[PDB]
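First comes one chain, alone, set out as structure tokens in the form deposited in one PDB entry.
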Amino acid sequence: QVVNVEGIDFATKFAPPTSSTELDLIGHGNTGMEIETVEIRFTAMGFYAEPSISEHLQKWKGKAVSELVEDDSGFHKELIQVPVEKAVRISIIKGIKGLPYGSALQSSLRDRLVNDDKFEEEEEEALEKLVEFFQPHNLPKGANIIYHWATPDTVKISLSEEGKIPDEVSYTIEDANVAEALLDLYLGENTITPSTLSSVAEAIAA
């Protein structure tokens, strides 16, 4: 089974690189960029988790999607902290160099960490090293990025510029606060992909 997301096929079941834990596709969506106000569709993405995520979030079943995604609903934090394995697959639609992409991640993660009073010396150096990992790469159209939260406290990053699914992980975020902030970037109250978050909330509320 596959779902078509922006003309990209997303498998409905997925084991991240080097993992044998099979995750279910929970929701899908896109992110954007802009050049001088012109809006450009930037990536397609899918959010995956162990199917027991539904039981962890039982209290949200039956509620309206609007009530789940709304500010101060409490849903976002519960989704982010659920202790099952999770992953995000990103497929690049408009190509970008690695340094601008990594610097944008750095900006958005710094915002969230400073909001929590968690931007101490350790976190600042973890973001610098993440930028440095991305800097030598190019991310052409079709490139795949995988972020895999085996635990909520780390992220395994796998990357294939050629657009295959990688077999090895390329980088590991070991800082727990950066790991949670990267999940908040996609599923938080200030998500950069309201489409993906709305899609996940529909599946949980179903």
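Don't overthink the numbering: it's just position in the shown sequence, from 1. For the two forms, the rigid core is made up of the largest set of C-alpha atoms that agree within 1.5 Å on superposition.
FYI, the form deposited in another entry isn't displayed, but the following is about it.
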*With the two forms aligned on the rigid core, which of the residues 176, 150, 65, 33 moves its CA by 2 Å or more between this form and the one not shown?*
33
*asked:* Having a change of 3 Å or more in the C-alpha distance between residue 39 and residue 7, I'd like to know whether it is closer or farther in that other deposited form than in the form here.
replied: closer
_Closer or farther: the C-alpha atoms of residue 38 and residue 7 in that other deposited form, versus the form shown, with a change of 3 angstroms or more?_
closer
